[PDB]
Amino acid sequence: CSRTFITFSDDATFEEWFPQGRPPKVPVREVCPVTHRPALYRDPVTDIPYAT
Amino acid sequence: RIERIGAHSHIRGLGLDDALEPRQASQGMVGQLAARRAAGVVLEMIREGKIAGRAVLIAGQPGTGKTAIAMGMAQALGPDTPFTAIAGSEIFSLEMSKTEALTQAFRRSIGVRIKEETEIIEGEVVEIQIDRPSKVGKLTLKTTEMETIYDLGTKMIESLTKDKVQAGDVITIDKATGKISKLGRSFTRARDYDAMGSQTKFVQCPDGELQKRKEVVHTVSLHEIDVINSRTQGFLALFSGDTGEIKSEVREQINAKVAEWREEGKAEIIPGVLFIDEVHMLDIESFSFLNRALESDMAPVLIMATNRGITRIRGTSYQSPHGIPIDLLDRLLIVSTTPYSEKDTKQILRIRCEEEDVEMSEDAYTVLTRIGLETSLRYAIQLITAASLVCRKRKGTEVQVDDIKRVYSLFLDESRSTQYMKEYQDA
Amino acid sequence: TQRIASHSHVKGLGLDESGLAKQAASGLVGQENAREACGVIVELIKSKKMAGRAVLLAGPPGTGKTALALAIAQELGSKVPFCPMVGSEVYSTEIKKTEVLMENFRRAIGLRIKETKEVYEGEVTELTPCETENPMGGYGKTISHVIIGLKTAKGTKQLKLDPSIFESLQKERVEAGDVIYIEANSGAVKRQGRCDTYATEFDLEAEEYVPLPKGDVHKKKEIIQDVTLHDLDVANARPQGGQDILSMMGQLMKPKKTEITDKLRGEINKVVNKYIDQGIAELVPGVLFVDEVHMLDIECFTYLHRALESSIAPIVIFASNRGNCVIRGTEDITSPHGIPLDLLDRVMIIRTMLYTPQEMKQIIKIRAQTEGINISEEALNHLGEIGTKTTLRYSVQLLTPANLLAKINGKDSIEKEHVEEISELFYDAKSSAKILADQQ
Amino acid sequence: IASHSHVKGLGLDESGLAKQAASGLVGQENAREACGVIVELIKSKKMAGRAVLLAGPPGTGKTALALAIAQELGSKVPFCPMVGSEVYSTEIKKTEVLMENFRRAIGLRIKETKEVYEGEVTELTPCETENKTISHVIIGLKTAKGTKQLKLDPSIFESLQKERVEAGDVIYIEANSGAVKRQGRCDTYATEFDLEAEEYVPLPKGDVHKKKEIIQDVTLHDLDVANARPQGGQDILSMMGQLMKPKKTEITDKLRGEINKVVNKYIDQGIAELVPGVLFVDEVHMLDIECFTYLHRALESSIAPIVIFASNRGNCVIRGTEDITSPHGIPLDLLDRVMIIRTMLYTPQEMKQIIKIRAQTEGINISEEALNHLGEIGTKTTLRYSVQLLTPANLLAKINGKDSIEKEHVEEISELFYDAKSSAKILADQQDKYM
Amino acid sequence: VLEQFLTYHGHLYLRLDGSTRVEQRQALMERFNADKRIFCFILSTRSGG
Amino acid sequence: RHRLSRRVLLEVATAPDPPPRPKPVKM
Ligand SMILES: Nc1ncnc2c1ncn2[C@@H]1O[C@H](COP(=O)(O)OP(=O)(O)O)[C@@H](O)[C@H]1O
Ligand SMILES: Nc1ncnc2c1ncn2[C@@H]1O[C@H](COP(=O)(O)OP(=O)(O)O)[C@@H](O)[C@H]1O
Ligand SMILES: Nc1ncnc2c1ncn2[C@@H]1O[C@H](COP(=O)(O)OP(=O)(O)O)[C@@H](O)[C@H]1O
């Protein structure tokens, strides 16, 4: 048989890699109060996600 | 595996005895006893190899076995001895001169063999431990007779990681240069398949001693040596035939260094053979250069095939035999190949049809020998393959006389083609 | 659809199972004695063994030579390689003639290669370890495997990889929620990028955005490439590598484009024989068609009947329109077909017979059917008549302009007056030569 | 080794007279005693542009005397053998080939001193400075004799980085050229591990810095090429590999200028000495009229060396002209600038001794009867053919088991291998069957 | 020169030249116990005592 | 279509205006 047993357990920086993010998606349709359409860009002056 | 049977694939070597006595139909060749004996004498002088720059000229009728004798000599000489086959028209290059192409052809059939005693370590890795803080580790090498441990250094670990060798792997380590070479996976190399594994090709572990001293040999031709020494682009041997090595120190230095190597016992010499087929294509300049190129101590032996007779020399208007000037013809030893008789043509056809795996009837052999004595032996030979296809098409077992006759009526030779060329035919 | 060429009508030799020739099958009419002769070499080609053969289709200009020579290719199918080259393509300014010939020779030879690879794809969900006791003194617990969750359009599955794959992941610097491609035979991992399901609203980062990974998380499909030996030759001669400045010379046109026998023998042939005996590639020996071979010179012919004797060469089909002519490259050496006797005695000859009025009429009918022309029975007979005088080429070329005149005069079928007017508007070789002789 | 291994000198007496049979040569007394004058003229180092023409039928020893001249001159002078067909180069000018051959036919022996730094390096510290590139590099070179810290250039530091050296290894450095080699890590570190991918070399001995003198030899063509296609260093001149990279097509402006200037500067200061050699141009009959005409100025130049052409034709059409003929295939314009030397056609007696010498040089124990039969074979055939027949007879004797060559062996060999005239007669008999 | 030609066969050895200090000689005599990959020992005639 | 006209080129050479100062955190 032939196996692999890489080990770094003398520190926590290794053990910290696996749970790094595990985060889901939360960019959603930023509907605008003009046309209710697939919002395109956020206005840098009003910070509103306008589409049209 | 699949390399088709060419026109000369039937001869496996000159059918000669220990005393260079040619047999009638042994080892593929048939008849032509005198020329075969001459070929054997020159082949023995070649395998001896203490005289350089000797030329032989195999002249004869078209289709009498000159290229056949050449291929037979090549086969009987086998590997470990350079044999370069070149047509006379191959030296007419656009990027290099004819003399330079001839120098290349000569130096390409001169072998230099460096024999080295570099020791190595061959075994099956059992474990490869390594700790990164420079990282340091150990290795456990196992052979069927013993096991041992080694402390791995920095560059050793670097090369092992680059090659990505693991446990159960059979590897060889060049202790002088540290070069790693994995030969395969041992039965232990089984990775305990529980993941994306797709390799299970196992092999026996290495036997013998752990740290053995084997012998390596590096054989390269003078041509390759000068090519790789010409300029920093040391890949022209494969990259492209762009060449033109000046005759300055480069080639003279190759020669001088090979002389010192031969003297000190590093690599002495292995001469070679240059088969120039259809040498009448060479130019007067080519012949004039060969005149003195055959005089060099690093000159391999050459054998030139000839069909021409009393004909003008290319590049001039001088009528000379063989289409070669007497100046060069004087250095050569001329061997004349005679035409094959009825029983020789029949035996050649039989051997050819048995090599290409086609069973012919006793009357098929007779009619084919008739056709081959009235017309060219090459046409008779080419008729066999065509006649076998009609038989296979009609679901036969062995070629009959009617199939050969159908093929003869279907395909035309040069004489019948000319006699059918009765119209203008856009002359 | 595509352009209608001069030989777009031929589809095969139209030969019976017993080896006999049909009347007008596969677009070829008559020509039985030559169509059977070349169907024999078709079976020769099918029999991949017994190579190093050459066949010479000789005859008057334009009888059936090129037609049946390229119909051989249709009978053989596109599967086997068929390399055409006119005798005028040998003369080059950057490479020698005997090298163009060798390239074409071992270019006609094909080599199909099969390979099966397993592939992974899917937006990764999360990675976790598989802890285990310490294999050595109590410095800490180790990891045996890494569990990775891959989600695709079909479903989400977890898979176990080795610590080496996890180290590869770490040095690749991917995170949870991106698209990765994995292979088990090789072990390499590719980072495709973020998935379209997480598409942004504004972000401009262009990475060839990966769409939803449609399909299973594990897919196995066989690749079958069709590479020739000349392709390997040119690739190993001028490799398109990376940052290896020897390769950075791609900015040059690179004349001096000749190969080397050392390589040709020791490097490319061994790797092909190994694959063939291992079962990875099947050799597809092919055909090398050489029309107007009379254009080659004495040196080209000498090299041709040295290479043809090679055990590796493909099967060659030369074509000849000339009769007793002088061999090019020589001062004055007359030989049949413009080919030296030494080469003629090494190739099988097939005489392409001349056509009769009825046969030329059938050929004109087939060409009109192929060109989509609605020629009438009277125009067809007139074309046959005026083609019995001149050559078949001129007789059958009077179908596009006649159809144009018809369409312009408001017709849907070539009539007699249309072809009569076209025959007076255009002339043939003999008619033009007569006017040239009448004039100074 | 054959066809030139028996000649090792002209075999002339102290008075310059040709000896009957000595130094591997027999007969040709006139030709050899005349070539003695040529070797004396070459060794005098006083003349330039002189030319000789060894004229005679094929196989009359003209090339033999040409090589005997070189053997007499020794290996100290450059002897350049060349074939007339070499002028037809596809990369450089036809006259350029000939002029570069003339240039390499001249020698130059020069004694030069060069310095070398070597020793087990203790440490390599790159002294940094703001420009923001590395300023200098201090290297501590240890040796069995002593130890020295030395400051070297950033170019040498970069060369060390290319070598991939590390502190504690052994390196060989040169300041003249600037190349640095890695001889391997010091032997004292070989005990560090059980196995390593490292070459080990012991501590260099002697002084860390040492200057040594070498008496090298190079031809004028060597300097010409070194200055035309320079490589040097300290720059990215390696682009030479793609710039043009043919034979450089040299130019007179620097061929006759800067090179001559610098070599005279080296000579007149006791550093170098001119060593004119010989240019043997075999097969001169296939040279074009252009080459023959340029040979006029080449020989009338004050720097050309002693040239030796070989004439084998009686009277034929000159190459490149196609309509005019002259003796030796050389125009009378060049033929008037040479000292022709006859090569007499050999007689049966001299040919017998030549065959004997060739046999005794090729390690062959030929019997007297076989030798005398080779006499008839050579009187019926060419000397070269009769002498070529030797080795196959030795192989056949070894096969038959006899320790000497007898009549039957040479008879069998002659019957197996035909001669030029016999083959020509066979072809004339089979005229309309050889194509 | 002997060291130069012995270090090529892949073997470890040590010097005992007269230039070596007495402390170095003592260190080497101590290291000459349980030697790894060492079989030959170099000596001199005068300073060999 | 967007070739700068001399009229607009002359007009633009006038008093500029300051950029906005946005701070919305609402709809
Ligand atoms: N002695 C022989 N034994 C067997 N086959 C022969 C013999 N001589 C000639 N052949 C066959 O004849 C065919 C053509 O003859 P070849 O050897 O090419 O003669 P040439 O070179 O004069 O044309 C070859 O395929 C060869 O196999
Ligand atoms: N048997 C045939 N059936 C149909 N068309 C033919 C036939 N033979 C010749 N042709 C036509 O004749 C034309 C010229 O033939 P081609 O192959 O060019 O002969 P060549 O090259 O000798 O002129 C081709 O376009 C082809 O369509
Ligand atoms: N004087 C001589 N003594 C011994 N051998 C000779 C002599 N002259 C010529 N030979 C032999 O004749 C062969 C050919 O002579 P060569 O020098 O080639 O004549 P040429 O230069 O006129 O062609 C040489 O191999 C040499 O062995």
# chains A, B, ... in the order shown; residues from 1 in each chain; ligands from 1

$ residues_around --residues "segment 273-284 of chain D" --least-positions-apart "3" --cutoff "6 Å" --atoms "only C-alpha atoms" --output "compact mmCIF listing (two decimals) with N, CA, C and O atoms, in the first residue's frame"
# COMPACT_ATOMS: atom_id res chain seq x y z
N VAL D 77 52.92 25.58 -37.90
CA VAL D 77 52.40 26.54 -38.88
C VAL D 77 51.02 26.08 -39.33
O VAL D 77 50.76 24.87 -39.41
N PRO D 78 50.10 27.00 -39.64
CA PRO D 78 48.77 26.57 -40.10
C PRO D 78 48.81 26.08 -41.54
O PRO D 78 49.15 26.83 -42.46
N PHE D 79 48.47 24.81 -41.73
CA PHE D 79 48.32 24.22 -43.06
C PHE D 79 46.83 24.08 -43.35
O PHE D 79 46.15 23.25 -42.72
N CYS D 80 46.32 24.88 -44.29
CA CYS D 80 44.90 24.90 -44.59
C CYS D 80 44.64 24.09 -45.86
O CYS D 80 44.96 24.56 -46.96
N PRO D 81 44.09 22.88 -45.76
CA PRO D 81 43.64 22.16 -46.96
C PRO D 81 42.25 22.62 -47.37
O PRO D 81 41.37 22.80 -46.52
N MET D 82 42.05 22.79 -48.67
CA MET D 82 40.79 23.27 -49.21
C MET D 82 40.55 22.64 -50.58
O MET D 82 41.49 22.37 -51.33
N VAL D 83 39.28 22.42 -50.89
CA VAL D 83 38.86 21.91 -52.19
C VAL D 83 38.23 23.05 -52.98
O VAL D 83 37.55 23.91 -52.41
N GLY D 84 38.47 23.07 -54.29
CA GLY D 84 37.94 24.13 -55.11
C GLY D 84 36.43 24.27 -55.03
O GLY D 84 35.88 25.35 -55.23
N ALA D 105 44.87 30.73 -43.50
CA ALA D 105 46.13 30.08 -43.86
C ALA D 105 47.35 30.76 -43.23
O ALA D 105 48.47 30.27 -43.41
N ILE D 106 47.16 31.86 -42.51
CA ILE D 106 48.25 32.58 -41.85
C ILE D 106 48.10 32.40 -40.35
O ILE D 106 46.98 32.43 -39.82
N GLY D 107 49.23 32.21 -39.66
CA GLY D 107 49.22 31.95 -38.23
C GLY D 107 49.76 33.12 -37.42
O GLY D 107 50.31 34.09 -37.94
N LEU D 108 49.58 33.01 -36.10
CA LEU D 108 50.02 34.03 -35.16
C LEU D 108 50.13 33.39 -33.78
O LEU D 108 49.12 32.98 -33.20
N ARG D 109 51.35 33.32 -33.25
CA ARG D 109 51.59 32.79 -31.91
C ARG D 109 51.80 33.96 -30.95
O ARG D 109 52.64 34.83 -31.20
N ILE D 267 52.54 42.63 -32.20
CA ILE D 267 53.79 42.01 -32.64
C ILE D 267 54.98 42.90 -32.28
O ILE D 267 55.98 42.44 -31.72
N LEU D 287 37.35 25.77 -60.15
CA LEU D 287 37.16 27.15 -59.71
C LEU D 287 36.66 28.00 -60.87
O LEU D 287 37.07 27.82 -62.02
N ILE D 306 51.88 31.27 -48.79
CA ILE D 306 52.29 30.38 -49.86
C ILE D 306 51.14 29.44 -50.20
O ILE D 306 50.64 28.72 -49.33
N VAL D 307 50.73 29.44 -51.46
CA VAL D 307 49.58 28.67 -51.93
C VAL D 307 50.09 27.51 -52.77
O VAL D 307 51.12 27.63 -53.45
N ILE D 308 49.37 26.39 -52.74
CA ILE D 308 49.74 25.20 -53.50
C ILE D 308 48.51 24.59 -54.14
O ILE D 308 47.72 23.91 -53.47
N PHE D 309 48.33 24.82 -55.44
CA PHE D 309 47.23 24.23 -56.18
C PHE D 309 47.63 22.86 -56.73
O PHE D 309 48.82 22.52 -56.84
N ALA D 310 46.62 22.08 -57.13
CA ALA D 310 46.84 20.74 -57.66
C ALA D 310 46.10 20.63 -58.98
O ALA D 310 44.87 20.73 -59.02

$ residues_around --residues "segment 25-40 of chain E" --least-positions-apart "6" --cutoff "8 Å" --atoms "only C-alpha atoms" --output "ChimeraX atom specification"
/E:11-14,16

$ residues_around --residues "residue 322 of chain C" --least-positions-apart "6" --cutoff "10 Å" --atoms "only C-alpha atoms" --output "PyMOL selection string"
(chain B and resi 421+424-427) or (chain C and resi 58-61+292-294+336-339)

$ write_last_selection --atoms "N, CA and C atoms" --output "PDB file, in the first residue's frame"
ATOM      1  N   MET B 421       0.826   4.307 -76.644  1.00  0.00           N
ATOM      2  CA  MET B 421       0.898   5.741 -76.905  1.00  0.00           C
ATOM      3  C   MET B 421       1.016   5.998 -78.403  1.00  0.00           C
ATOM      4  N   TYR B 424      -1.110  11.516 -80.363  1.00  0.00           N
ATOM      5  CA  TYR B 424      -0.258  12.645 -80.001  1.00  0.00           C
ATOM      6  C   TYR B 424      -0.024  12.695 -78.494  1.00  0.00           C
ATOM      7  N   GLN B 425      -1.085  12.526 -77.709  1.00  0.00           N
ATOM      8  CA  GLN B 425      -0.990  12.465 -76.250  1.00  0.00           C
ATOM      9  C   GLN B 425      -0.275  13.693 -75.688  1.00  0.00           C
ATOM     10  N   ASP B 426      -0.507  14.836 -76.328  1.00  0.00           N
ATOM     11  CA  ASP B 426       0.000  16.124 -75.864  1.00  0.00           C
ATOM     12  C   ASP B 426       1.502  16.046 -75.569  1.00  0.00           C
ATOM     13  N   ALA B 427       2.248  15.729 -76.621  1.00  0.00           N
ATOM     14  CA  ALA B 427       3.700  15.626 -76.531  1.00  0.00           C
ATOM     15  C   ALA B 427       4.308  16.937 -76.039  1.00  0.00           C
TER      16      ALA B 427
ATOM     17  N   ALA C  58      -1.944   7.444 -66.743  1.00  0.00           N
ATOM     18  CA  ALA C  58      -1.403   8.129 -67.908  1.00  0.00           C
ATOM     19  C   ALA C  58      -2.466   8.193 -68.993  1.00  0.00           C
ATOM     20  N   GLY C  59      -2.512   9.314 -69.712  1.00  0.00           N
ATOM     21  CA  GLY C  59      -3.422   9.436 -70.826  1.00  0.00           C
ATOM     22  C   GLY C  59      -3.468  10.827 -71.422  1.00  0.00           C
ATOM     23  N   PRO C  60      -4.285  11.005 -72.455  1.00  0.00           N
ATOM     24  CA  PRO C  60      -4.454  12.334 -73.052  1.00  0.00           C
ATOM     25  C   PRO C  60      -4.948  13.334 -72.023  1.00  0.00           C
ATOM     26  N   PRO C  61      -4.777  14.632 -72.272  1.00  0.00           N
ATOM     27  CA  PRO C  61      -5.172  15.632 -71.274  1.00  0.00           C
ATOM     28  C   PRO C  61      -6.666  15.603 -70.988  1.00  0.00           C
ATOM     29  N   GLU C 292       0.230  16.109 -62.805  1.00  0.00           N
ATOM     30  CA  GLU C 292       1.236  16.841 -63.573  1.00  0.00           C
ATOM     31  C   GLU C 292       2.642  16.490 -63.093  1.00  0.00           C
ATOM     32  N   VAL C 293       2.844  15.216 -62.742  1.00  0.00           N
ATOM     33  CA  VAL C 293       4.144  14.759 -62.266  1.00  0.00           C
ATOM     34  C   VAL C 293       5.238  15.027 -63.288  1.00  0.00           C
ATOM     35  N   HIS C 294       4.882  15.141 -64.569  1.00  0.00           N
ATOM     36  CA  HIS C 294       5.856  15.469 -65.602  1.00  0.00           C
ATOM     37  C   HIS C 294       6.618  16.754 -65.303  1.00  0.00           C
ATOM     38  N   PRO C 336       9.070   8.324 -72.137  1.00  0.00           N
ATOM     39  CA  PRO C 336       7.602   8.321 -72.179  1.00  0.00           C
ATOM     40  C   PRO C 336       7.011   9.096 -71.011  1.00  0.00           C
ATOM     41  N   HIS C 337       5.892   9.765 -71.273  1.00  0.00           N
ATOM     42  CA  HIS C 337       5.118  10.481 -70.263  1.00  0.00           C
ATOM     43  C   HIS C 337       5.915  11.578 -69.573  1.00  0.00           C
ATOM     44  N   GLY C 338       7.070  11.959 -70.117  1.00  0.00           N
ATOM     45  CA  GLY C 338       7.940  12.888 -69.429  1.00  0.00           C
ATOM     46  C   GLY C 338       8.547  12.348 -68.157  1.00  0.00           C
ATOM     47  N   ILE C 339       8.394  11.054 -67.892  1.00  0.00           N
ATOM     48  CA  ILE C 339       8.907  10.425 -66.678  1.00  0.00           C
ATOM     49  C   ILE C 339      10.080   9.532 -67.071  1.00  0.00           C
TER      50      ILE C 339
END

$ select_by_dssp --residues "segment 91-242 of chain B" --states "helix (DSSP H, G or I)" --output "ChimeraX atom specification"
/B:91,98-107,154-163,187-189,222-230,236-239

$ write_last_selection --atoms "N, CA and C atoms" --output "mmCIF file, in the first residue's frame"
data_model
loop_
_atom_site.group_PDB
_atom_site.id
_atom_site.type_symbol
_atom_site.label_atom_id
_atom_site.label_comp_id
_atom_site.auth_asym_id
_atom_site.auth_seq_id
_atom_site.Cartn_x
_atom_site.Cartn_y
_atom_site.Cartn_z
ATOM 1 N N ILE B 91 21.406 15.977 -51.760
ATOM 2 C CA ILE B 91 22.387 16.981 -51.355
ATOM 3 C C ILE B 91 22.135 18.341 -51.986
ATOM 4 N N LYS B 98 26.692 22.054 -51.660
ATOM 5 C CA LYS B 98 26.780 20.624 -51.927
ATOM 6 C C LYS B 98 27.926 19.992 -51.146
ATOM 7 N N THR B 99 29.072 20.671 -51.095
ATOM 8 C CA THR B 99 30.200 20.154 -50.328
ATOM 9 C C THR B 99 29.868 20.077 -48.842
ATOM 10 N N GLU B 100 29.150 21.074 -48.320
ATOM 11 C CA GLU B 100 28.762 21.033 -46.914
ATOM 12 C C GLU B 100 27.786 19.896 -46.646
ATOM 13 N N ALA B 101 26.840 19.667 -47.559
ATOM 14 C CA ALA B 101 25.922 18.545 -47.406
ATOM 15 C C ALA B 101 26.654 17.210 -47.453
ATOM 16 N N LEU B 102 27.676 17.090 -48.304
ATOM 17 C CA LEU B 102 28.456 15.858 -48.344
ATOM 18 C C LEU B 102 29.273 15.668 -47.072
ATOM 19 N N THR B 103 29.854 16.744 -46.541
ATOM 20 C CA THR B 103 30.558 16.647 -45.267
ATOM 21 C C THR B 103 29.606 16.211 -44.160
ATOM 22 N N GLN B 104 28.385 16.752 -44.165
ATOM 23 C CA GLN B 104 27.381 16.318 -43.200
ATOM 24 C C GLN B 104 27.075 14.836 -43.358
ATOM 25 N N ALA B 105 26.838 14.391 -44.592
ATOM 26 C CA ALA B 105 26.530 12.984 -44.826
ATOM 27 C C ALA B 105 27.653 12.080 -44.341
ATOM 28 N N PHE B 106 28.908 12.468 -44.578
ATOM 29 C CA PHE B 106 30.033 11.671 -44.098
ATOM 30 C C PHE B 106 30.083 11.657 -42.575
ATOM 31 N N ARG B 107 30.170 12.836 -41.958
ATOM 32 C CA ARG B 107 30.306 12.924 -40.509
ATOM 33 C C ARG B 107 29.092 12.383 -39.764
ATOM 34 N N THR B 154 18.943 19.322 0.978
ATOM 35 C CA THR B 154 18.054 20.360 0.464
ATOM 36 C C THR B 154 17.725 20.132 -1.008
ATOM 37 N N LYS B 155 18.747 20.076 -1.866
ATOM 38 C CA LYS B 155 18.496 19.878 -3.289
ATOM 39 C C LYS B 155 17.944 18.488 -3.572
ATOM 40 N N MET B 156 18.310 17.495 -2.758
ATOM 41 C CA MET B 156 17.725 16.167 -2.909
ATOM 42 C C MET B 156 16.217 16.216 -2.694
ATOM 43 N N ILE B 157 15.778 16.864 -1.611
ATOM 44 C CA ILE B 157 14.350 17.026 -1.365
ATOM 45 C C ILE B 157 13.705 17.839 -2.477
ATOM 46 N N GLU B 158 14.392 18.873 -2.965
ATOM 47 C CA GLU B 158 13.844 19.695 -4.038
ATOM 48 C C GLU B 158 13.562 18.853 -5.278
ATOM 49 N N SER B 159 14.550 18.067 -5.708
ATOM 50 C CA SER B 159 14.371 17.232 -6.891
ATOM 51 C C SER B 159 13.321 16.153 -6.661
ATOM 52 N N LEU B 160 13.289 15.560 -5.465
ATOM 53 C CA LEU B 160 12.276 14.550 -5.175
ATOM 54 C C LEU B 160 10.875 15.142 -5.244
ATOM 55 N N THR B 161 10.690 16.352 -4.712
ATOM 56 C CA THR B 161 9.378 16.989 -4.761
ATOM 57 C C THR B 161 9.014 17.390 -6.183
ATOM 58 N N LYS B 162 9.989 17.880 -6.953
ATOM 59 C CA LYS B 162 9.716 18.241 -8.341
ATOM 60 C C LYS B 162 9.282 17.026 -9.149
ATOM 61 N N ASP B 163 10.000 15.909 -9.013
ATOM 62 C CA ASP B 163 9.603 14.680 -9.690
ATOM 63 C C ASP B 163 8.354 14.056 -9.082
ATOM 64 N N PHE B 187 4.170 -3.351 -6.604
ATOM 65 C CA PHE B 187 2.856 -3.863 -6.133
ATOM 66 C C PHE B 187 2.443 -3.058 -4.896
ATOM 67 N N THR B 188 3.423 -2.673 -4.074
ATOM 68 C CA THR B 188 3.133 -1.862 -2.865
ATOM 69 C C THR B 188 2.627 -0.484 -3.288
ATOM 70 N N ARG B 189 3.051 -0.014 -4.463
ATOM 71 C CA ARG B 189 2.660 1.346 -4.920
ATOM 72 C C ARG B 189 1.133 1.458 -4.910
ATOM 73 N N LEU B 222 29.663 12.342 -35.033
ATOM 74 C CA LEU B 222 30.444 13.552 -35.260
ATOM 75 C C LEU B 222 29.579 14.669 -35.829
ATOM 76 N N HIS B 223 28.616 14.318 -36.684
ATOM 77 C CA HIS B 223 27.690 15.314 -37.211
ATOM 78 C C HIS B 223 26.956 16.020 -36.080
ATOM 79 N N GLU B 224 26.352 15.246 -35.174
ATOM 80 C CA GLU B 224 25.644 15.836 -34.045
ATOM 81 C C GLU B 224 26.582 16.658 -33.172
ATOM 82 N N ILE B 225 27.813 16.179 -32.978
ATOM 83 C CA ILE B 225 28.760 16.904 -32.135
ATOM 84 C C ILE B 225 29.025 18.288 -32.714
ATOM 85 N N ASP B 226 29.420 18.348 -33.989
ATOM 86 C CA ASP B 226 29.700 19.651 -34.584
ATOM 87 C C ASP B 226 28.448 20.510 -34.692
ATOM 88 N N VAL B 227 27.277 19.904 -34.891
ATOM 89 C CA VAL B 227 26.049 20.688 -34.983
ATOM 90 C C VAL B 227 25.740 21.349 -33.644
ATOM 91 N N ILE B 228 25.833 20.587 -32.551
ATOM 92 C CA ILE B 228 25.534 21.146 -31.241
ATOM 93 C C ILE B 228 26.634 22.086 -30.766
ATOM 94 N N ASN B 229 27.850 21.964 -31.304
ATOM 95 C CA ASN B 229 28.927 22.882 -30.956
ATOM 96 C C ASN B 229 28.970 24.126 -31.836
ATOM 97 N N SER B 230 28.270 24.126 -32.972
ATOM 98 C CA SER B 230 28.315 25.272 -33.876
ATOM 99 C C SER B 230 27.956 26.564 -33.155
ATOM 100 N N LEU B 236 19.675 22.094 -33.267
ATOM 101 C CA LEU B 236 19.502 22.024 -34.713
ATOM 102 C C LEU B 236 19.347 20.598 -35.218
ATOM 103 N N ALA B 237 19.838 19.603 -34.476
ATOM 104 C CA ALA B 237 19.669 18.220 -34.898
ATOM 105 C C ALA B 237 18.204 17.818 -34.955
ATOM 106 N N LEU B 238 17.342 18.488 -34.191
ATOM 107 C CA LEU B 238 15.913 18.201 -34.210
ATOM 108 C C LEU B 238 15.129 19.436 -34.635
ATOM 109 N N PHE B 239 15.563 20.612 -34.172
ATOM 110 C CA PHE B 239 14.886 21.861 -34.500
ATOM 111 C C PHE B 239 14.716 22.032 -36.006
#

$ residues_near_ligand --ligand "ligand 3" --cutoff "8 Å" --atoms "only C-alpha atoms and all ligand atoms" --output "PyMOL selection string"
chain D and resi 2-4+6-7+21+24-28+55-65+310+312+343+346+350-351+353-355+357-358+383-384+387

$ residues_around --residues "residue 57 of chain B" --least-positions-apart "3" --cutoff "7 Å" --atoms "only C-alpha atoms" --output "ChimeraX atom specification"
/B:303-305,332-335

$ write_last_selection --atoms "N, CA, C and O atoms" --output "tab-separated table (two decimals), in the first residue's frame"
chain	number	residue	atom	x	y	z
B	303	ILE	N	29.30	3.27	-50.29
B	303	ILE	CA	28.89	2.36	-51.34
B	303	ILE	C	27.89	3.09	-52.22
B	303	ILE	O	26.85	3.55	-51.73
B	304	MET	N	28.19	3.19	-53.51
B	304	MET	CA	27.42	4.00	-54.44
B	304	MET	C	26.78	3.10	-55.49
B	304	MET	O	27.47	2.33	-56.16
B	305	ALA	N	25.46	3.20	-55.63
B	305	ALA	CA	24.71	2.40	-56.59
B	305	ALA	C	24.75	3.09	-57.95
B	305	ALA	O	24.74	4.32	-58.02
B	332	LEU	N	37.44	3.94	-56.45
B	332	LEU	CA	36.40	2.98	-56.15
B	332	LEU	C	36.81	1.57	-56.56
B	332	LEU	O	37.62	1.37	-57.47
B	333	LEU	N	36.22	0.59	-55.89
B	333	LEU	CA	36.25	-0.80	-56.30
B	333	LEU	C	34.88	-1.15	-56.87
B	333	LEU	O	33.87	-1.06	-56.16
B	334	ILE	N	34.83	-1.56	-58.13
B	334	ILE	CA	33.59	-1.71	-58.87
B	334	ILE	C	33.12	-3.16	-58.77
B	334	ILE	O	33.88	-4.09	-59.07
B	335	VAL	N	31.87	-3.34	-58.35
B	335	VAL	CA	31.22	-4.64	-58.31
B	335	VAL	C	30.02	-4.59	-59.25
B	335	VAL	O	29.14	-3.73	-59.11
